[PDB]
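Reviewing the structure listed below.
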Amino acid sequence: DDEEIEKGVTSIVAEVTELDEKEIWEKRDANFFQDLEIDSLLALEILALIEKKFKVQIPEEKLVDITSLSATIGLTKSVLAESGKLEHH
Ligand SMILES: [Zn+2]
Ligand SMILES: [Zn+2]
Ligand SMILES: [Zn+2]
Ligand SMILES: [Zn+2]
Ligand SMILES: [Zn+2]
Ligand SMILES: [Zn+2]
């Protein structure tokens, strides 16, 4: 479900970065490491929490595309589609 994925990923990134969910959402097209003070350890932790939340496996190599909230949401959606459990509109 698009909305459920967008809110679940926003919640994860807000928790990891210790920022507000609304403010993260406003900065959804912003670059993670340039603008919102993220590390590689924090991106690894986002990836892990997304795996657990949506009950999916995501290969490590995909840390390449954890570069913005929008990119992370797109990653989650594509990985859900590969698992036959995305309902997109
Ligand atoms: Zn819904
Ligand atoms: Zn949307
Ligand atoms: Zn803290
Ligand atoms: Zn808050
Ligand atoms: Zn956009
Ligand atoms: Zn994994």
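Every chain in the structure tokens has a letter given in the order shown (A, B, ...), and although residue numbers restart at 1 in each chain, ligands are simply numbered from 1 in the order shown.
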Determine, using only C-alpha atoms and all ligand atoms, which residues of chain A have any atom at most 7 Å from an atom of ligand 6, and tabulate each with its shortest atom pair and distance in Å to one decimal place, rows ordered by chain and then rising number, as a tab-separated table.
```
residue	atom	partner	partner_atom_place_in_ligand_line	distance
A:48	CA	ligand 6	1 (Zn)	6.6
A:51	CA	ligand 6	1 (Zn)	6.4
A:57	CA	ligand 6	1 (Zn)	4.7
A:58	CA	ligand 6	1 (Zn)	5.1
A:59	CA	ligand 6	1 (Zn)	5.9
A:60	CA	ligand 6	1 (Zn)	7.0
```
Store the residues picked out above, limited to N, CA, C and O atoms, as a compact mmCIF listing (two decimals), in the first residue's frame.
```
# COMPACT_ATOMS: atom_id res chain seq x y z
N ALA A 48 18.04 -1.93 8.01
CA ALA A 48 17.68 -3.05 8.88
C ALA A 48 16.25 -2.92 9.37
O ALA A 48 15.47 -3.88 9.31
N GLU A 51 13.76 -3.70 6.68
CA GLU A 51 13.61 -5.14 6.54
C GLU A 51 12.66 -5.68 7.61
O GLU A 51 11.73 -6.44 7.32
N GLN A 57 13.55 -9.06 2.97
CA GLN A 57 15.01 -9.02 2.90
C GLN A 57 15.48 -8.05 1.82
O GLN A 57 14.93 -7.99 0.72
N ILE A 58 16.48 -7.24 2.15
CA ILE A 58 17.01 -6.25 1.25
C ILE A 58 18.52 -6.45 1.19
O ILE A 58 19.18 -6.39 2.23
N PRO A 59 19.10 -6.71 0.03
CA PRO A 59 20.55 -6.95 -0.01
C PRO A 59 21.33 -5.71 0.41
O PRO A 59 20.88 -4.57 0.25
N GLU A 60 22.52 -5.96 0.97
CA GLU A 60 23.37 -4.88 1.47
C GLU A 60 23.78 -3.93 0.35
O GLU A 60 23.88 -2.72 0.55
```
Show which residues sit within 8 Å of residue 77 (chain A), as a PDB file with N, CA, C and O atoms, in the first residue's frame. Count only C-alpha atoms, and ignore same-chain residues fewer than 5 positions away.
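Heads up, here's the output in selection24.pdb:
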```pdb
ATOM      1  N   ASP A   2       0.690   2.140  -0.981  1.00  0.00           N
ATOM      2  CA  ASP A   2       1.596   3.278  -1.112  1.00  0.00           C
ATOM      3  C   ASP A   2       1.674   4.108   0.165  1.00  0.00           C
ATOM      4  O   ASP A   2       2.764   4.365   0.677  1.00  0.00           O
ATOM      5  N   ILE A   5       3.449   2.435   3.024  1.00  0.00           N
ATOM      6  CA  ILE A   5       4.894   2.368   2.846  1.00  0.00           C
ATOM      7  C   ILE A   5       5.528   3.724   3.096  1.00  0.00           C
ATOM      8  O   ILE A   5       6.565   3.821   3.763  1.00  0.00           O
ATOM      9  N   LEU A  86       3.325  -5.597  -3.034  1.00  0.00           N
ATOM     10  CA  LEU A  86       3.053  -4.176  -3.242  1.00  0.00           C
ATOM     11  C   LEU A  86       1.690  -4.008  -3.897  1.00  0.00           C
ATOM     12  O   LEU A  86       1.421  -4.622  -4.933  1.00  0.00           O
TER      13      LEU A  86
END
```
Next on the checklist: Can you pull out the residues contacting residue 24 (chain A)? Cut-off 10 Å, using only C-alpha atoms, and skip same-chain residues under 6 positions away; I want them as a PyMOL selection string.
Outcome noted: chain A and resi 10-11+13-14+17-18+30+36+68-69
Next on the checklist: Hey, which residues sit close to ligand 4? Say within 10 Å, counting only C-alpha atoms and all ligand atoms, and write them as a list in words.
Outcome noted: residues 14, 15, 18, 19, 20, 21, 22 and 23 of chain A
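Distances to ligand 5 were evaluated for A:80, A:28, A:63, A:35 using only C-alpha atoms and all ligand atoms, and the minimum falls at A:28.
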Taking only C-alpha atoms and all ligand atoms into account, produce a table as JSON lines in which each residue of chain A with an atom at most 7 Å from an atom of ligand 1 appears once, together with its shortest atom pair and the distance in Å to one decimal, ordered by chain and rising number.
```
{"residue": "A:1", "atom": "CA", "partner": "ligand 1", "partner_atom_place_in_ligand_line": "1 (Zn)", "distance": 5.6}
{"residue": "A:3", "atom": "CA", "partner": "ligand 1", "partner_atom_place_in_ligand_line": "1 (Zn)", "distance": 5.7}
{"residue": "A:4", "atom": "CA", "partner": "ligand 1", "partner_atom_place_in_ligand_line": "1 (Zn)", "distance": 5.9}
```
Item to check | region 4-84 of chain A: residues DSSP assigns to alpha helix (DSSP H), reported as JSON, numbers by chain | outcome: {"A": [4, 5, 6, 7, 8, 9, 10, 11, 12, 13, 14, 15, 16, 17, 21, 22, 23, 24, 25, 26, 32, 33, 34, 35, 40, 41, 42, 43, 44, 45, 46, 47, 48, 49, 50, 51, 52, 53, 69, 70, 71, 72, 73, 74, 75, 76, 77, 78, 79, 80, 81, 82]}
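Distances to ligand 5 were evaluated for A:83, A:29, A:55, A:39 using only C-alpha atoms and all ligand atoms, and the minimum falls at A:29.
Coordinates place CA of residue 73 (chain A) at a distance of 15.1 Å from CA of residue 16 (chain A).
Between atom 1 (Zn, counted along the ligand's line) of ligand 5 and CA of residue 62 (chain A) there is a distance of 20.0 Å.
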